[PDB]
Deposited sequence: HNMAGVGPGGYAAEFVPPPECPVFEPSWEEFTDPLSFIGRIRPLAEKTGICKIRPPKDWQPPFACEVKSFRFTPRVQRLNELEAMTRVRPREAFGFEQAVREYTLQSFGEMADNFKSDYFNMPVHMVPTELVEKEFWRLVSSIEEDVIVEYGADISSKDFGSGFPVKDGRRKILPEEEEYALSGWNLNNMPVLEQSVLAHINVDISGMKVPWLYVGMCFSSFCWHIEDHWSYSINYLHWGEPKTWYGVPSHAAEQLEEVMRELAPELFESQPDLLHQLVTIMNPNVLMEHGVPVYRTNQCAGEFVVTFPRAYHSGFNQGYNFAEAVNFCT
């Protein structure tokens, strides 16, 4: 009856030589990582970019998420600090223990029980899709808006700074987004527009739990998802259906869809490959930055 964790996706720990350029590194790991849809990359231990958001003025209105909205068939303004106090209070009250003592496996098991629970109605909030143009990127940027210390210039010029990723697509003829998470805040199964790659960096906080499906199984997932979707949504275009495609990974696994998981911890990157379906949820109060790119 309880959730069975999918197998773990690949984790790479490049040396300083292998860490010189993200595009080259991703191209090298592609033979393996494209067979798992997602992978995790741990930078060298000394690579520690400072958090460069304007924390004093960081204010936002998160969106309300009802975990069991599919089975069942608002706007308060926070600062970073006040959302964190709300987030920690929620999780410690929910589990009756300090937030850092809750095992990742237990939050994962409870999340999926809640998504299918018809008797318990859990509602959470997600500071999602915050533009880095609003209060700045979490990475230091040579934009002139904020001041960069000498020890920070290396990170402003790093290829792994998400503001320095190639985002322009080649054809005959984008900015990173920010995510402030709390326990159980989540994202539904989707692929990126134009089947792009995405790269995701967790600046700080509790882990972000991911699930990924390799691209060779994309059509298989789509058929399972539409076979099991409510009939009212069955004929909806993909771009709209993706707004509500919450589905337990074990259900996909029972239909033969390969699924991998990972816990992305603070300071780690997750890369999603072209047409690799992914979904996930946050273990607690955290702060992530993400951008789409093409190769």
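What ranges of the deposited sequence, counted from 1, have no C-alpha atoms in this structure? According to the deposited record, C-alpha coordinates are absent for 1 to 12, 86 to 98, 199 to 208, which together make up the missing parts.
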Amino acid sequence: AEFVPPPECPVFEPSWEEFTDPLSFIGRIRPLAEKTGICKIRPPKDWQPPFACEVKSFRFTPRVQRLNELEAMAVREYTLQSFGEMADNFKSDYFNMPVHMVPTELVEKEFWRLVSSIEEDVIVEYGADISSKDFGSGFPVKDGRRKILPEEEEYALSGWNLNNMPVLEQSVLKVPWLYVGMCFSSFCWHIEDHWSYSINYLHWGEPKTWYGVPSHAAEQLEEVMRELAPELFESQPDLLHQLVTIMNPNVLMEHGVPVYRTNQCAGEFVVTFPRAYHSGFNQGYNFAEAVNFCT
From here on, numbers count along this sequence of modelled residues.
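Between 81 to 89 and 132 to 140, which has the larger average Cα B-factor in the PDB entry? Higher mean C-alpha B-factor in the PDB entry: 132 to 140.
175 to 183 set against 154 to 162, stretch whose average Cα temperature factor tops the other in the entry: Result of the comparison: 154 to 162.
If you compare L149, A217, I199, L202, which has the highest Cα B-factor in the entry? Spelled out: the listed residue with the top C-alpha B-factor is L149.
Residue with highest C-alpha B-factor in the PDB entry, from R145, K109, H190, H194: Out of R145, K109, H190, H194, the record gives the largest C-alpha B-factor to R145.
When the modelled residues of the chain are sorted by Cα temperature factor, does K208 land in the lowest, middle or highest third? CA B-factor rank for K208: lowest third.
Position of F269 among the chain's modelled residues by C-alpha B-factor, lowest, middle or highest third: Its C-alpha B-factor, which the entry lists for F269, ranks in the lowest third among residues of this chain.
Against its chain's modelled residues, does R28's Cα B factor rank lowest, middle or highest third? For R28, whose C-alpha B-factor we compare with every modelled residue in the chain, the answer is the highest third.
When the modelled residues of the chain are sorted by Cα temperature factor, does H241 land in the lowest, middle or highest third? For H241, the deposited C-alpha B-factor lands in the middle third.
With respect to C-alpha B-factor, does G256 fall in the lowest, middle or highest third of the chain as deposited? Highest third - that is where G256 ends up once the chain's C-alpha B-factors are sorted.
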